[PDB]
Number of protein chains: 2
Amino acid sequence: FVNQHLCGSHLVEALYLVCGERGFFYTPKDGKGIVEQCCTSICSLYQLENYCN
Amino acid sequence: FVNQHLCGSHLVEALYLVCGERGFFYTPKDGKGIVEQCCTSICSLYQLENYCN
């Protein structure tokens with residue numbers, strides 16, 4: 001589920017599942033950060049975990 | 001949708017909808033913070049917005 005384009009609720013759901021009890025932050029401002037890496041381009045587990053706490 | 005018990009993906013979905021382009025942080029550790037206020041007890045818009053960035 002992580003090796004695809006993930007936007008909006010789909011991206012937050014992936015963060016929630018990957019990060020588990022660590023939690024996470026979702027900062028979409030200006031379509032930068034996670035949006036650029038996982039929504040506009042193909043996401044990866046490596047990149048998602050950069051947004052776990 | 002915010003004035004109920006919200007746990008797990010249900011809580012992250014509410015944060016996503018309420019916080020919009022501001023984004024948010026989801027920190028469930030030890031069932032404290034947001035979990036205590038919105039999952040174990042009834043959530044509120046006021047409390048959810050405390051976790052928008």
Side-chain angles (χ1 to χ4, degrees):
Chain A
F1 56 112
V2 310
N3 302 295
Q4 64 186 119
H5 293 93
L6 297 171
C7 307
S9 65
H10 299 200
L11 182 47
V12 157
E13 157 177 307
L15 287 166
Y16 165 78
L17 288 179
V18 159
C19 294
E21 37 202 344
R22 296 177 270 182
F24 62 89
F25 64 98
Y26 176 65
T27 300
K29 265 191 271 173
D30 303 326
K32 204 238 289 214
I34 194 173
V35 171
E36 203 134 87
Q37 302 314 322
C38 282
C39 173
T40 313
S41 64
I42 301 170
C43 198
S44 59
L45 178 59
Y46 182 104
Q47 281 300 139
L48 290 167
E49 285 196 330
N50 280 333
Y51 302 94
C52 304
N53 294 312
Chain B
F1 56 112
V2 310
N3 302 295
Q4 64 186 119
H5 293 93
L6 297 171
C7 307
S9 65
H10 299 200
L11 182 47
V12 157
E13 157 177 307
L15 287 166
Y16 165 78
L17 288 179
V18 159
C19 294
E21 37 202 344
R22 296 177 270 182
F24 62 89
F25 64 98
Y26 176 65
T27 300
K29 265 191 271 173
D30 303 326
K32 204 238 289 214
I34 194 173
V35 171
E36 203 134 87
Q37 302 314 322
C38 282
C39 173
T40 313
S41 64
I42 301 170
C43 198
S44 59
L45 178 59
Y46 182 104
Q47 281 300 139
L48 290 167
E49 285 196 330
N50 280 333
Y51 302 94
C52 304
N53 294 312

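Naming: A, B, ... by sequence-line order, numbering from 1 per chain.
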If you look only at distance, which donor and acceptor atoms sit under 3.5 Å apart when one is on a side chain in residues 11-30 of chain B and the other is two or more places apart or in another chain?
residue, atom, partner, partner atom, Å
B:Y16, OH, A:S9, N, 3.4
B:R22, NE, B:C19, O, 3.2
B:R22, NH2, B:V18, O, 3.2
B:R22, NH2, B:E49, OE2, 3.1
B:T27, OG1, A:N53, ND2, 3.3

Determine all donor-acceptor pairs shorter than 3.5 Å in which one atom belongs to a side chain in residues 33-46 of chain B; sequence neighbours excluded.
residue, atom, partner, partner atom, Å
B:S41, OG, B:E36, O, 2.8
B:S41, OG, B:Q37, O, 2.9
B:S44, OG, B:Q47, N, 3.2

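Other residues, nucleotides and ligands place more than 12 heavy atoms under 6.0 Å from the NE2 atom of B:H5.
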